[PDB]
Amino acid sequence: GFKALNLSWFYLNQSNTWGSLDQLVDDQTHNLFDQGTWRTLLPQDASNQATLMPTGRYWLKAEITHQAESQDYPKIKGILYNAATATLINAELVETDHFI
Amino acid sequence: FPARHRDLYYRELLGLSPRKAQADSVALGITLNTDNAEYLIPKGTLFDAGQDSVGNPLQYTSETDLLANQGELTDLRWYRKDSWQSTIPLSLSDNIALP
Amino acid sequence: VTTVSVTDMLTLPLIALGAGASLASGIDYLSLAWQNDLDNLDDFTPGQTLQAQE
Amino acid sequence: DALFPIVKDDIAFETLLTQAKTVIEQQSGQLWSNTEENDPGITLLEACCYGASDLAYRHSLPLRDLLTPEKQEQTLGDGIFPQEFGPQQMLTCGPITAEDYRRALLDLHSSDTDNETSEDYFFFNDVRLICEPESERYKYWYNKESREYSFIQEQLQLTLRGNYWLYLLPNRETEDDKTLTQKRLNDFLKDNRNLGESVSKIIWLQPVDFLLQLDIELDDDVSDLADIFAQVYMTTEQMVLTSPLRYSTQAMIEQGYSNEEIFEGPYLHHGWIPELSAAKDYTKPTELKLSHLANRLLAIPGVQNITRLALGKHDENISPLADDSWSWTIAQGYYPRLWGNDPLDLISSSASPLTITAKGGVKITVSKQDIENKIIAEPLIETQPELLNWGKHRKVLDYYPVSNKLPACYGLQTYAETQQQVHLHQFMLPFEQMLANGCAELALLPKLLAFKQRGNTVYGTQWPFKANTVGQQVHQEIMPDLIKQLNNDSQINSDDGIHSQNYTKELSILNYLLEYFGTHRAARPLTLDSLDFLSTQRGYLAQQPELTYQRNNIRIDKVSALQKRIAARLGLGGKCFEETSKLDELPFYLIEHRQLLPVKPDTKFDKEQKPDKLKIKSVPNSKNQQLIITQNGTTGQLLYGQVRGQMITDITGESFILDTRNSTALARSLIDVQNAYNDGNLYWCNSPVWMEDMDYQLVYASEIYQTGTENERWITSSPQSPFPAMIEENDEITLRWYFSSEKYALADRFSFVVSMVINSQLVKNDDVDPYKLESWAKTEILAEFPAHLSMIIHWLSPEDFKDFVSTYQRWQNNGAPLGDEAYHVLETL
Amino acid sequence: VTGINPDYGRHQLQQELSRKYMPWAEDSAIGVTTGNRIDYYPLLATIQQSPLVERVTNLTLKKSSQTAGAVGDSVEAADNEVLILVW
Amino acid sequence: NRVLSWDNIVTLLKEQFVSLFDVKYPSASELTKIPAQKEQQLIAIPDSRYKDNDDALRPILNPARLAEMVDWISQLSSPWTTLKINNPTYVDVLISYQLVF
């Protein structure tokens, strides 16, 4: 990332609308600014049958205030589902080339 | 003596020492077996990364509890300002994958 | 631990032999010098006393 | 730190003898085959083998002991390394950043020096250093036609860059009496001035009483009453006027810090300050937030509940914040003071704004003395320089000749009378010399690796034999020649002059030692003096702690660290590396341009005024005199350095003193001004014009240079006409002469500019191209030069350079005052 | 605290306060006052103890029928009443 | 750990930031400029691995990255200095040679 975007999160509900999701977002990426975790709780009224988007999949929508410079947007290279973070243990017993 | 003289100055008088190694971090995705609707992976779970060149095993410790499920991210699309143009960089129902 | 008195025209190997006679394992001239904190192998004067440990 | 436990088997006599016999076998196995105890060759070798083992044993002693010289040499207050090389001077640095000035100023203590009162306290609770605001920038005007400079407003605007405004937030004891605080602050500001910068204004924040209304309910089982009052007051006072948190070095170590970051920033004598509170802006009204006071008060053991937290009677300087129930705005230039002049008296009073209630309806009153007793005093931290104390000096230098270990049958114990005995003594002598030199070499170790006060010798040598000995008598006639050779092979400089190989060795040792501090030796001189070059390098290494700690500091009548670094890098002018070098005629000098400017004065005194009292006094033990002028209604309105060309020196009371030393005209017309005072027609005011434009004298060059046409003449620099420092080709000139185009006058010449006056005798050589050489020197110097500075090169002939040196030295001796010497210095540039 | 979305911060604060002042709701694991009184300043200290909260600028408590109280006004309950926080 | 000279800026910047290949500062000809300089201008040549563009021969850093470098380095400088770090201006140098292989 290069800048912190202005994001608003929405989810597709059974009423074929976009319900607000910002109250349940645990953003560790600092508004799409750097790599990190991202966790939410799916609301009970989320729908995979609504006609706003292709059916069979629950949908989340993020609204971003437009940035004039096209190079300010981040360069996404992959999203991991069911993701966790792990850290090495007993680092003092590991060879140096592993860290290099 | 020239080598022992400098070592005495840096380490004993100035009290400086070499820095220690820094532990690295990884991001792990978990897929659950088909018979579990939800699973809880507690903080501190150990994962195996094999061994280094000299054979010492490599282990990693989870940092946060994970409540995994059977879902999977499949689609990613957006539209932008110009009118407006839309695109679908990623989709699993179709055979379009992220570069 | 044994104690020896230094006399005239004595050398460090000679002191070790005299001091190390009573000791079970004897003593070498380098070890004797180190135990007495001698500045060199001739750093003693007549009338001085030296000590030798095991 | 001793090699003996590691190498005690390789030093033994038997191990070395085995190696020696191996060489004899390999080289002379067919001629020397008998190598048993009886062979006379082996006995001589065995004795030398014992000496070799003895020499090796000396090297295996503890490292700290071998680095300790004799008792009569060990300098007081030092150790293995001198005191100035400790962590408190080698890892820290002088105040450079605005935050560094915060740390250095907050460290001032009432007990730092000799004191008038026995109260221990820190002068300031908080300080803030900012650049001079754009609105109040140091402005002065140049007259397009009159060709002069004035502070009163086609005139053009000029600005001087570099000026600090110092806001001070005093402590409670400091506000009681400021005379001691002011005196110490001036001394600190004088010795901690950066190049091209100064403090143009000192502002003291005024206190505003902050009467906080507080209602606290206690638990029913409270044991101590006075203790809770002390906790409440201490918590509340810290919440309003949070003091810096200091730690000792051991405490910082226990907190997990490393020596890299403990000794970071300026060196503080009374504790380290890792984290400071957020720097406030004192040019606009500030904020005071007390919402968290509820959290801290309820955390006190014995406090149950808080029922009211509000502000009592406040004047207009305190106003409530917008929509914030527990925040207030403090007017600019003011700080909140809790519960007036005497807090503890107010709490113990019947009208106390703080109300403590226990058991629902029982009021608690505690006398002032009880609260004073329960308030503890923070202990005074004092960090001393770290040292590696002296070890035990060991008589390594002592040598015992190895021929004395041979049996008596060899004839070396009695005085030599036959040819055979003398020949044996002469055969052994070179081997005794080699062993003795090794002993002397190890004894020279503290001097070889010394950071400072290095010697003249690079190799250890000594005469093996003492007086009244058998060996001395045999070599009696040869001793002067051998000793002369020993001195020749060891000393850097001798009667014959420079020893080239020894000179090269000394440079390598200096370069190796310089690499400790991230620098390196300068290139070998090509047209300079070898002895002078060595002085630069040794002085460069010896003053490393001071040079980099004061990397940007400049003081009057002291050679700046910038000048020393330039000299060391070019390897020129070693006379500047010793203190009090006021008579050594340094090859070049550095001048700070800002020092030749007056302080901006008050606008009230622009118009003329009549003094209300005037007297003349003669200084004792000198021919000079001081002119004392007294005018009423001028307290805090006149400044030192206020400026024909007369500067105010003292501001004692309502009287300011001028000095006859800075102005010859005053020393001449002292009677006339006295007469003018007698008839009451002597007027003084701010100088309408303080310094004029520069016009050069017309001096014609010699006829040999006059190779031009009828309209071409050559103008040479003269002692009465300095060479122009900004001359450019095709520039219009007007005849004394000056530049018709005045754009040179519009260019700023005083903001972060340094003048380097250099003797021109250095480049006087047949094979030296001055312009190519000058370009190379600038390239070499540029790497270590300050980023925000510019330098001007002035080439001076060997004649007028002496006049500049005499004038500049006298000007700095007097205290760098504006006057005849200062204005002469300005003209020369 | 800077970097935290206000809606997320408010949602988490509701859960923390509900746990503190309605102990019976969350599997009754913490011994807390039996819904007797709600003191103004202890409640203010509780809010500011959350890691997501930097500073409280305003606080107001209003009962079901009575008018909103002033700064520093606690809330009582009748002998048959149990107070419940609502948003 | 403080900035006063050009070498101090280059040494500290390269230590802190791994995306820098080299940092350039003005030549010695500009240290004699009488009108002085309000801004101290450096040139940062970044490593091609960390470039924000497509051309490997002419790496360019994002202005956000340069802003962070200026902010970090200004915290260890005198308050009366203004250090600016800018992308280099690449100039082609045509090289033509006649050869015998």
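Numbers restart at 1 for each chain; the letters A, B, ... are given by sequence-line order, proteins then strands.
- Within the 3.5 Å criterion, the main-chain N or O of F:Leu61 finds a donor-acceptor partner in the side chain of F:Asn87.
- Using a 4.5 Å cut-off between heavy atoms, F:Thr82 makes no contact with chain D at all.
- Options D:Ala787, D:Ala747, D:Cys131, D:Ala783 differ in how many heavy-atom pairs under 4.5 Å they form with chain F, and the most are formed by D:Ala787.
- Of the atoms belonging to F:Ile9, it is side-chain heavy atoms, and not backbone ones, that fall under 4.5 Å from chain D.
- In this structure, F:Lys51 contributes its side chain and F:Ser48 its backbone to a donor-acceptor pair below 3.5 Å.
- A salt bridge is defined here as a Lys NZ or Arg NE, NH1 or NH2 lying under 4.0 Å from an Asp or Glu carboxylate O, and D:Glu99 with D:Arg102 meets this definition.
- A donor-acceptor pair is defined here as one N or O able to donate and one able to accept, closer than 3.5 Å; no such pair exists between the side chain of F:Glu68 and the backbone of F:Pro63.
- In terms of heavy-atom pairs under 4.5 Å with chain D, the best-connected choice from F:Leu4, F:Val3, F:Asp7 is F:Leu4.
- Interface remark: of the candidates F:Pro35, F:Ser29, F:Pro79, F:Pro79 forms the most heavy-atom pairs closer than 4.5 Å to chain D.
- Between chain F and the residues D:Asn163, D:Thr92, D:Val754, D:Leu129, the largest count of heavy-atom pairs under 4.5 Å involves D:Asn163.
- Contact of D:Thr97 with chain F is made through backbone and side chain together, with heavy-atom distances under 4.5 Å.
- With a 4.5 angstrom heavy-atom cutoff, D:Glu197 touches chain F only via side-chain atoms.
- A salt bridge links D:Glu784 to D:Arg569: one of the charged nitrogens lies within less than 4.0 Å of a carboxylate oxygen.
- Between chain D and the options F:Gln40, F:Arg2, F:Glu39, F:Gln75, the largest number of non-hydrogen pairs under 4.5 Å is found for F:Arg2.
- For D:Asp100, the part lying under 4.5 angstrom from a heavy atom of chain F is the side chain only.
- Ranked by heavy-atom pairs under 4.5 Å with chain F, the first of D:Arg551, D:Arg749, D:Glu260 is D:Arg551.
- Aromatic ring centroids of D:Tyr282 and D:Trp165 lie 6.0 Å or more apart.
- Of the two parts of F:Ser77, only the backbone, made up of N, CA, C and O, holds a non-hydrogen atom closer than 4.5 Å to a non-hydrogen atom of chain D.
- Each of D:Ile96, D:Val199, D:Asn194 was compared with D:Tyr101 under the side-chain contact (heavy atoms from CB on, under 4.5 Å) criterion, and only D:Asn194 meets it.
- Between F:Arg58 and F:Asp92 there is a salt bridge, with a side-chain nitrogen of the basic residue lying less than 4.0 Å from a carboxylate oxygen of the acidic one.
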